[PDB]
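*Asks:* Give me a model of this one.
(chains A, B, C and D)
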Amino acid sequence: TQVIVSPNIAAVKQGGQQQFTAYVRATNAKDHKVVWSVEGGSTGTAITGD
Amino acid sequence: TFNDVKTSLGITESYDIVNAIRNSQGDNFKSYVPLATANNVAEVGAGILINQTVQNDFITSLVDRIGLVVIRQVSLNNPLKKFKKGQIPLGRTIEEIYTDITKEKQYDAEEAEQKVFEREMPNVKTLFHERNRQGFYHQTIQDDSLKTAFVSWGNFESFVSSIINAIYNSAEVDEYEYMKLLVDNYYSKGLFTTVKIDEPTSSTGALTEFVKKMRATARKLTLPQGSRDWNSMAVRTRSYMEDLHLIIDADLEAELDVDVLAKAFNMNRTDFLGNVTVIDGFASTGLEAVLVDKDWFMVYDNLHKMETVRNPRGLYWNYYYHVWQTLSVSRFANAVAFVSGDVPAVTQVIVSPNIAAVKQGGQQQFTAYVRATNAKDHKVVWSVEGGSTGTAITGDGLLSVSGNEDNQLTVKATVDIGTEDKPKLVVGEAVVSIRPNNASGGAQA
Amino acid sequence: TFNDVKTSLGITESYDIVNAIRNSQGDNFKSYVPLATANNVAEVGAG
Amino acid sequence: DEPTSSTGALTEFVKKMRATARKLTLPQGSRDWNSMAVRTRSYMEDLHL
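*Replies:* Numbers count the residues shown, from 1 in each chain, chains lettered A, B, ... in the order given. Next up is the structure itself:
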């Protein structure tokens, strides 16, 4: 029903990096794949998954 | 320092409350039609994640000014703190020694001529608990940059104080959560004595299906002759019923409390035996609850140090909170796993002395207990790893160390649940080393 | 007298709780990701 | 029947034992209930379920 990406706000240095984590609201007894993405970046600036 | 923030950030509308429905109802949402500002509430009523400088409605270029700051604050506690056995200063490992019973011999006077000084060593299991957890908690308080975000002395000390308790709640949560790993570890390893609770082989009327099993198996742990089959070492231990602690899912306590305890004229005949501690439920799949002795937990403290340092160039404090612990689990204590979902047939195979020092040309008897759910009596295949042509094991686990080895052997007890696949082998193992023998050299016959 | 041995001795395990913790970013295990020393608890703690 | 089958087979098992324990601990005992068919009797404090 909801995916909660946890920190919700980052002020990352140019060049530096940041850890994110996503809480998935499974309403049933399963596990669901998370796909991470970054839109609006330059050439580079990727999120690795995870 | 933001822009273009949509106000619908993490929002997955399962339905749009307005445009799908309230404008178009003819139905159950009719009680919201006489409200007129229902669309202003449906826009920003669930909270707003990112603040926006909203100008005033009547006078633009007047900023709308946050006008109440509440500071939420919670204190977390470890419910499992009563499973700790104190502090270990000056030492790293723990030695846990358990002698158990032996097998009787038949009275025979003819064989007693040569066996008066025959030496039959006791069955002793030993168990070592290393210091595991050595971690610290890191926390900065820039006292000077935070005075920006407050205009009240009073919200500034009600925010600095929460970062203090943020350390003391972080430590107490992982102290809850490390001890909850030891259950999910021990089950993953196959070391829990699996008992199904949600397989009612009976007819209808199985509301108390789990209560009759968790009061029988709770009684079986306390029979004065003891039992072999509740430890992961397969030793004949015993519980005294005052030390039986039952860490239970919160989903499962209400199954007891509703389906059993109401409509119970005599609740002492249907309470769970032993002390009951509710957790939220375990990480493991199908694992509902776990019944253990008080001795099953080998949790110990080593440090609790709060240190601090000041940075004069960054105008801040670091806070370091070191918690060092010895987080361990007695394999000698009874520990029963009340599980629900479908399980393997064999969860553990226990090879009996677990270690040995057998001289070249000597021999050693081995026994494999098989922790099996429903008793298909799985056949055991013995094996030796790391030997030469000489050393072999046969039949009911009788090792024959060759005269020509010096290698540290691995004795296996292979049980195959599986079928035409990459099959399911349940292999228990033991370690045999070898003393050298001056066995007169050369050749024979 | 014993000179080299693994510490997972004898243990035949259903699921491995190192790949259960790390390789499930989904659910049921995310409470154990913020543990720092979870390797030396999960691969020792049984004894 | 089988004392796991239903809650009726549980109850009937509770019926047959309070019946049998009374039959044992009647005075004027029976030649039933032992393997020599001795007319013995028993006492309630002596019965052990």
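*Asks:* Pull up the residues of chain A that are close to chain B.
*Replies:* Chain A comes close to chain B at residues A:1, A:2, A:3, A:4, A:5, A:8, A:9, A:11, as judged by Cβ under 8 Å from any Cβ of the partner chain. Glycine gets a C-beta too; all of them are placed from N, C-alpha and C.
*Asks:* With secondary structure added, can I get these in CSV?
*Replies:* Formatted as CSV, the residues of chain A next to chain B follow (DSSP: H, G, I helix; E, B strand; the rest coil):
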residue, secondary structure
A:1, coil
A:2, coil
A:3, strand
A:4, strand
A:5, strand
A:8, coil
A:9, coil
A:11, coil
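*Asks:* So which residues of chain A form strands?
*Replies:* Taking DSSP state E as the criterion, chain A contains strands spanning A:3-5, A:22-24.
*Asks:* what's the most buried one of those strands?
*Replies:* Comparing the strands of chain A by mean neighbour count (mean count of other Cβ atoms under 10 Å in any protein chain shown), strand A:22-24 ranks first with a mean of 16.
*Asks:* could the strands of chain A go into TSV alongside distance to residue A:30?
*Replies:* Converted to TSV, the strands of chain A look like this (distance: least, Cβ to Cβ, whole Å):
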stretch	distance to residue A:30
strand A:3-5	14
strand A:22-24	10
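*Asks:* Please report how far residue A:34 lies from residue A:27.
*Replies:* Per Cβ to Cβ, to the nearest Å, residue A:34 is found 16 Å from residue A:27.
*Asks:* more neighbours, those two?
*Replies:* More crowded of residue A:34 and residue A:27, by other Cβ atoms under 10 Å in any protein chain shown: residue A:34, with 15 against 7.
*Asks:* leaving aside the residues next to it on the chain, what's closest to residue A:6?
*Replies:* The shortest distance from residue A:6 to any non-neighbouring residue, by Cβ to Cβ, 6 or more residues apart in numbering or on different chains, is to residue A:21 (4.9 Å).
*Asks:* and the end-to-end length of stretch A:42-50?
*Replies:* Across its full length, stretch A:42-50 reaches 20 Å between end residues, using Cα to Cα, to the nearest Å.
*Asks:* Now do the buried residues in it.
*Replies:* Counting neighbours by 16 or more other Cβ atoms under 10 Å in any protein chain shown, one finds that stretch A:42-50 has no buried residues.
*Asks:* quick check, that stretch touching chain C?
*Replies:* Yes - against chain C, stretch A:42-50 shows contacts by Cβ under 8 Å from any Cβ at residue A:50.
*Asks:* Now tell me what touches that stretch from outside.
*Replies:* Here stretch A:42-50 makes contact (Cβ atoms under 8 Å, 6 or more residues apart in numbering or on different chains) with A:20, A:34, A:35, A:36, A:37, A:38, C:25.
*Asks:* again, only this time at 6 Å
*Replies:* Applying Cβ atoms under 6 Å, 6 or more residues apart in numbering or on different chains, the contact partners of stretch A:42-50 are A:36, A:38.
*Asks:* and that stretch, how far out from the chain's middle?
*Replies:* Stretch A:42-50 has its C-alpha centroid displaced from the chain centroid by 10 Å (Cα atoms, centre = their mean, to the nearest Å).
*Asks:* Next, the contact list for whichever residue of chain A sits closest to chain C, please.
*Replies:* Using Cβ to the nearest Cβ, the closest approach of chain A to chain C is made by residue A:31 at 3.4 Å. Shown in contact with residue A:31 (Cβ under 6 Å, 6+ apart): C:24, C:26, C:27.
*Asks:* Not counting sequence-adjacent ones, nearest residue to it?
*Replies:* Distances taken as Cβ to Cβ, 6+ apart put residue C:26 closest to residue A:31, at 3.4 Å, once the chain neighbours are dropped.
*Asks:* Can you pull the phi/psi pair for the closest residue to chain D within chain A?
*Replies:* Taking Cβ to the nearest Cβ, chain D has its nearest neighbour within chain A at residue A:29, 28.8 Å off. Per-residue torsions, residue A:29: phi -90, psi 50 (degrees, to the nearest 10).
*Asks:* neighbours around it, how many?
*Replies:* Close neighbours of residue A:29, defined as other Cβ under 10 Å, add up to 10.
*Asks:* likewise residue A:14?
*Replies:* 4.
*Asks:* Then the one 4 residues further on?
*Replies:* By other Cβ under 10 Å, the residues close to residue A:18 number 10.
*Asks:* can you check residue A:16 too?
*Replies:* Other residues near residue A:16 number 7, with proximity taken as other Cβ under 10 Å.
*Asks:* likewise residue A:21?
*Replies:* Neighbour count for residue A:21, taken as other Cβ under 10 Å: 14.
*Asks:* before we move on, what about residue A:26?
*Replies:* Residues near residue A:26, counting by other Cβ under 10 Å, number 14.
*Asks:* burial of residue A:32, as a residue count?
*Replies:* 12.
*Asks:* cool, and the one 5 residues further on?
*Replies:* Number of residues near residue A:37 (other Cβ under 10 Å) recorded here: 8.
*Asks:* Also residue A:28?
*Replies:* Count around residue A:28 with other Cβ under 10 Å applied: 6.
*Asks:* Could I get the phi/psi values of it?
*Replies:* The phi/psi pair for residue A:28 (degrees, to the nearest 10) reads phi -140, psi -180.
*Asks:* Return the distance of stretch A:25-36 from the chain's centre.
*Replies:* 14 Å.
*Asks:* and that stretch, C-alpha only, in CSV?
*Replies:* Coordinates of each C-alpha in stretch A:25-36 appear next as CSV, following Å, rounded to 0.1, in the frame of the first residue of the first chain:
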residue,chain,number,x,y,z
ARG,A,25,4.2,-2.0,3.5
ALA,A,26,3.3,-5.6,2.7
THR,A,27,-0.2,-6.3,3.7
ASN,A,28,0.4,-10.0,3.1
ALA,A,29,3.1,-12.6,3.9
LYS,A,30,5.4,-11.9,1.0
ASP,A,31,8.5,-10.0,0.1
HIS,A,32,8.5,-7.5,-2.8
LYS,A,33,11.4,-6.3,-4.9
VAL,A,34,12.6,-2.7,-4.5
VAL,A,35,14.0,-0.9,-7.6
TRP,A,36,16.0,2.3,-6.8
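*Asks:* separation between the residue nearest to residue A:31 and chain B?
*Replies:* 12 Å (Cβ to the nearest Cβ, to the nearest Å).
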